[PDB]
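Contents: one structure, followed by commentary.
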Amino acid sequence: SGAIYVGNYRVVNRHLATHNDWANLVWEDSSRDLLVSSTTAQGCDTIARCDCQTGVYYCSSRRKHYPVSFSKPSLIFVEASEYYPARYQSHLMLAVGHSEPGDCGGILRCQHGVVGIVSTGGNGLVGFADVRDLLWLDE
Ligand SMILES: NC(=O)[C@H]1CCCN(C(=O)Cc2ncncc2Cl)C1
Ligand SMILES: [Zn+2]
């Protein structure tokens, strides 16, 4: 679990969005596993606007942060789960690092701000949904 709170927006994994997120929907994209909802309170986070390929992510299944080198956002095949059929997920970045079911929502940050959230993983890989291209989150 986990979310990004920026301005009057809450960014979550689309597959973990609540009834309240869907009732206050701003934007969602199944191909990216993202959903953004509106908030009444002002958010605590700031978004990176950069091309960093290294950073640090929070891994809830270890209660720890780990440094990672990750690929540029791209279209990656993701196997079927209870949440989605087998499909290509877009704007996904992969890295070597621990992740297991329940780690989705952990933030990846570089020195410039929030880069994205955990969205996939397994067998010593961790995948992050990029948010750096969503320029409207800042306005
Ligand atoms: N973005 C998706 O399609 C994910 C929806 C939830 C399921 N999913 C996963 O990868 C779960 C997973 N399994 C093993 N290690 C880590 C993780 Cl996060 C795929
Ligand atoms: Zn950066």
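Heads up, chain A uses Swiss-Prot numbers, so what you see runs 869-1007.
A Cβ is built for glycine as well, from the same backbone N, Cα and C atoms used for every other residue.
Database features, via Swiss-Prot:
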ACT_SITE  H883  active site, for protease 2A activity
ACT_SITE  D901  active site, for protease 2A activity
ACT_SITE  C972  active site, for protease 2A activity
BINDING   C918, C920, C978, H980  Zn(2+) 1 binding site
Rounded to an integer, what is the Cα-Cα distance in Å between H980 (Zn(2+) 1 binding site) and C972 (active site, for protease 2A activity)?
22
Sorted by sequence, non-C918, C920, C978, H980 residues with Cβ within 8 Å of centre, Zn(2+) 1:
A916, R917, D919, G923, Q979, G981, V983, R1000
Recorded positions whose CB lies under 6 angstroms from ligand 1, from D901, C918, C978, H980:
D901
When DSSP is mapped onto helix/strand/coil, what comes out for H883 (active site, for protease 2A activity)?
helix
May I ask which residues of the same chain, at least 6 positions away in sequence, place their Cβ under 8 angstroms from the Cβ of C920 (Zn(2+) 1 binding site)?
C978, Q979, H980, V983
Kindly point out which of the recorded positions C918, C972, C978 have a C-beta less than 6 Å from some atom of ligand 2.
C918, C978
Which of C918, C972, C978 (the recorded positions) has the most other Cβ atoms within 10 Å?
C972
Quick one: Cα separation, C972 (active site, for protease 2A activity) versus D901 (active site, for protease 2A activity), in Å?
10
Residues that sit under 8 angstroms from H883 (active site, for protease 2A activity) by C-beta distance, when 6+ apart in the chain:
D901, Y951, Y952, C972
